[PDB]
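Colleague: fold the following.
(chains A and B, ligands or ions: 3)
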Amino acid sequence: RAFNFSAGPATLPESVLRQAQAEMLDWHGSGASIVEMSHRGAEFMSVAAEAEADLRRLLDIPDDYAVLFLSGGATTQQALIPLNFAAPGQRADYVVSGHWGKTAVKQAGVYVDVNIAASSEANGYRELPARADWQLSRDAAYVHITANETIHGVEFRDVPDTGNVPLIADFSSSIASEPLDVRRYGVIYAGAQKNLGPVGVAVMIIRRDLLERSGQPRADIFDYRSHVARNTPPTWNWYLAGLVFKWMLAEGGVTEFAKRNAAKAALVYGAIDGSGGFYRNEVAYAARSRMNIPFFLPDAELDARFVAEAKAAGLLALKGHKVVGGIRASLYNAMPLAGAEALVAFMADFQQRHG
Amino acid sequence: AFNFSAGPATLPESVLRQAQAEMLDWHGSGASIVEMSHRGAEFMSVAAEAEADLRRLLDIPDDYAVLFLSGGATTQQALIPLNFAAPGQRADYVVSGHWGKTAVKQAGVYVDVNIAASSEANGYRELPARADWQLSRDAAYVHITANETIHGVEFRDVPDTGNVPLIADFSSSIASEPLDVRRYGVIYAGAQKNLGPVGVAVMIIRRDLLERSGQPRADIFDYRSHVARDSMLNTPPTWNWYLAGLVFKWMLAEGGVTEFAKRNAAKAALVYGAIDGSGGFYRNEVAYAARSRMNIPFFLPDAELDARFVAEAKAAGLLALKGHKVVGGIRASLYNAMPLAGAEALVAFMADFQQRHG
Ligand SMILES: *Cc1c(COP(=O)(O)O)cnc(C)c1O
Ligand SMILES: [Ca+2]
Ligand SMILES: [Cl-]
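Modeller: Numbering: from 1, shown residues only, chains lettered A, B, ... in the order given. Ligands and ions are numbered 1, 2, ... in the order given. The coordinates are given below.
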């Protein structure tokens, strides 16, 4: 098979893509395309309601959290979060463990007093900053973390304690990759084209008491309270997200993905750690991501040969991000265990031939 | 059947057929558009065609920027004052209907909105004379709604705003006829109306306006950064950009905006002809110079006959003709994808309905 290890867009389940193609002119036999459905018609309202109900069941989202499906990606929500959940220039704490947290900080500085409570940038984002050294603010509007740093392969494995300050977490690249204890969070959000919502579908899960905050002066379209009262993806995108949620449920839910993703990552790290130094991962063991695994061969020429020979072998999109170099194997929910097995077998053969 | 919906609009059948056929096999490549990286060479080539085709379709000069954006027209109605006005600066708005009211609503927190002209107090039937507009010398821009879908009111000219740039919402009429882009500071259009349900908004910006500082704002809310990153400042909606590009190609293959000017003038002339010849049986009160070519509301002698018109038309295969809830009546939307034959079928039904009920 052709395994697609792209960090973005994530590989989508074949059956989901096949279904979306097959009924694109004839949804459920109705004779009309999902693309041309009115958002307010009975047909699409059922699609949207099933998408929300299925996501709530997948992640065990309580009724006292709101669920939003949104356009504009994670970066738009990184601007809207301080505008909705902080007073103007109120302090907000950010923990920076990689590129996507830096981006979240960049959007928010205009609107809130952004405090870097901790950062691993000085060591090149090779670890999580130790919780003991975090410098949290008593009056912070929230503490923002990036659950899984997609470029740097750095992942939280424990929900940090932030006292009585709500925790806000960017789960773009790991949402629904394992059980998520929603009640521990003030806000969980995820951009599109990573682990959960496909093209054009960002997700936000919001503890409802946070909607009682004034926030900052803002247009209605930038007010989450107005979104919850009644900037949603196109219908076909929302329908595609709903198909993904149904697929995840059919596969066994987050109980199954926890086991599958742990197994995929253990195989790849095992292949790295047992390679006698030919493959090298530089992330602290306690922070090693299950979802995005960066590693390096002895030089960049071998890195390039690996990407090209892997591509020829049906293993796609393995070149690391520019700001890191090397190789990056992404192992999202729709990547089967067989794909990690195929990568590990290729890694063994490649080393036998070039090492 | 013919679908007269004001939104979402009828998509050309050929566009949906092509999109379905190559969903998993774009250009014979075996690759799906929905899984393409936006910075990969394949989708980069799609985005370049989409911009080139739109520039060709509307004759957009090089000193205007073209953006493809998520968030719809309402998002851009908040971003326009944040990008093109200083905090609290005067901004002039012309309200000829409900989409203008929505634009005012999004902007009021960021700029000192002045209603330079409005028809709200008479149910949006008629705008004041141009000489009675209260335009502000210090305004950051004048915002108009080119076509208002609920009341069927359209600018058939371009108002003179002096040296204050004109910003125009073309969601329901973009590419329905030639447009002299140079007469505008900003042209923008959300999806679902004359573009059809393509899932992306377009903006056309005179590049000197990007030299303005606007208001302190996140980078993701900064059109300057969107232009610098070619509408890929963050992850764009790729599939939707691709669908919009198919619509542009379809519009060019039909003969471009000169052909749609002819077709849309002919569809509207047929329907207004049926209204105007009816002896008052079909009522439309919009002054002729402001009559929309794209959304044509009219009223039967009473609401019971409006309901009979909707129902009997539906049974005749003429769909989605009920007027917006806030006005009642009938509304025939006649977007680019609606063929002349649809207007002919509607007018034949209008003649038979009046023969029977009148
Ligand atoms: C991919 C990714 C993003 C991307 O942000 P968008 O605005 O959706 O492009 C954000 N956060 C994380 C953790 C990511 O992995
Ligand atoms: Ca600040
Ligand atoms: Cl749409």
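Colleague: neighbours of the residue of the stretch 101-250 of chain A found nearest ligand 1, how many?
Modeller: Proximity of the stretch 101-250 of chain A to ligand 1 (C-beta to the nearest ligand atom) peaks at residue A:191, 2.7 Å away. C-beta: built from backbone N, CA, C; applies to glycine. Using other C-beta atoms under 10 Å in any protein chain shown, residue A:191 is surrounded by 29 other residues.
Colleague: contact partners for it?
Modeller: Listed by C-beta atoms under 8 Å, 6 or more residues apart in numbering or on different chains, the contact set of residue A:191 reads A:73-75, A:77, A:170, A:172, A:197, A:202, B:234-235.
Colleague: narrow these to those in strands?
Modeller: Judged by DSSP state E, those include A:170, A:202 as members of strands.
Colleague: run a quick neighbour tally on residue A:269.
Modeller: The number of residues packed around residue A:269, counting by other C-beta under 10 Å, is 19.
Colleague: what sits against it?
Modeller: By C-beta under 8 Å, 6+ apart, the residues touching residue A:269 are A:281, A:288, A:293.
Colleague: distance from stretch A:177-193 to the middle of the chain?
Modeller: 9 Å (C-alpha atoms, centre = their mean, to the nearest Å).
Colleague: then stretch A:219-227?
Modeller: That offset, for stretch A:219-227, works out to 24 Å (C-alpha atoms, centre = their mean).
Colleague: cool, and stretch A:6-24?
Modeller: On C-alpha atoms, centre = their mean, the centre of stretch A:6-24 falls 17 Å from that of its chain.
Colleague: pull out the CA atoms of it and give them to me as PDB.
Modeller: Taking C-alpha atoms only, stretch A:6-24 is exported to PDB below (Å, rounded to 0.1, in the frame of the first residue of the first chain):
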ATOM      1  CA  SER A   6       2.300  13.900   5.800                       C
ATOM      2  CA  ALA A   7       2.100  16.100   8.900                       C
ATOM      3  CA  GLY A   8      -0.600  18.100   7.100                       C
ATOM      4  CA  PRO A   9      -2.900  17.300   5.500                       C
ATOM      5  CA  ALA A  10      -3.300  14.100   7.500                       C
ATOM      6  CA  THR A  11      -4.000  11.000   5.600                       C
ATOM      7  CA  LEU A  12      -7.900  10.400   5.500                       C
ATOM      8  CA  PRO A  13      -9.500   7.000   5.700                       C
ATOM      9  CA  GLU A  14      -9.900   5.500   2.300                       C
ATOM     10  CA  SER A  15     -13.500   4.500   3.000                       C
ATOM     11  CA  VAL A  16     -14.400   8.000   4.000                       C
ATOM     12  CA  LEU A  17     -13.000   9.600   0.800                       C
ATOM     13  CA  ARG A  18     -14.700   6.800  -1.200                       C
ATOM     14  CA  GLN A  19     -18.100   7.600   0.400                       C
ATOM     15  CA  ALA A  20     -17.800  11.300   0.000                       C
ATOM     16  CA  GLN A  21     -17.100  10.800  -3.700                       C
ATOM     17  CA  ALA A  22     -19.800   8.300  -4.300                       C
ATOM     18  CA  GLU A  23     -22.700  10.400  -2.800                       C
ATOM     19  CA  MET A  24     -21.400  13.800  -3.900                       C
END
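Colleague: tell me which residues of that stretch come out buried.
Modeller: Within stretch A:6-24, the residues scored as buried using 16 or more other C-beta atoms under 10 Å in any protein chain shown are A:6-13, A:16-17, A:20-21, A:23-24.
Colleague: need the residues you listed in a markdown table with distance to chain B, can you?
Modeller: What follows is the buried residues of stretch A:6-24, written out as a markdown table (distance: C-beta to the nearest C-beta, whole Å):
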| residue | distance to chain B |
| --- | --- |
| A:6 | 7 |
| A:7 | 9 |
| A:8 | 7 |
| A:9 | 5 |
| A:10 | 8 |
| A:11 | 7 |
| A:12 | 6 |
| A:13 | 11 |
| A:16 | 10 |
| A:17 | 6 |
| A:20 | 7 |
| A:21 | 5 |
| A:23 | 10 |
| A:24 | 4 |
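Colleague: next, give me the two most distant ones among these.
Modeller: Longest distance between any two of the buried residues of stretch A:6-24 is 29.5 Å, between A:7 and A:23; criterion C-beta to C-beta.
Colleague: ok, the nearest residue to residue A:89 once chain neighbours are set aside - contacts?
Modeller: Distance criterion C-beta to C-beta, 6 or more residues apart in numbering or on different chains; nearest residue to residue A:89, sequence neighbours excluded, is residue A:113 at 5.3 Å. Residues near residue A:113 by C-beta under 8 Å, 6+ apart: A:89-92.
Colleague: around ligand 3, pick out the residues from the stretch 101-250 of chain A.
Modeller: Contacts of the stretch 101-250 of chain A with ligand 3, taken as C-beta under 5 Å from the ion, map to residue A:234.
Colleague: what residues does the stretch 101-250 of chain A put near ligand 1?
Modeller: Contact residues, the stretch 101-250 of chain A versus ligand 1 (C-beta under 6 Å from any ligand atom): A:146, A:150, A:170, A:172-173, A:191-192, A:194.
Colleague: and with 8 Å instead?
Modeller: Residues of the stretch 101-250 of chain A lying near ligand 1 by C-beta under 8 Å from any ligand atom: A:103-104, A:146-151, A:170-173, A:190-194, A:202.
Colleague: any idea how far ligand 1 is from residue A:21?
Modeller: From residue A:21 across to ligand 1, the span is 25 Å (C-beta to the nearest ligand atom, to the nearest Å).
Colleague: show me what contacts that residue?
Modeller: Taking C-beta under 8 Å, 6+ apart, we find residue A:21 in contact with B:20, B:23-24.
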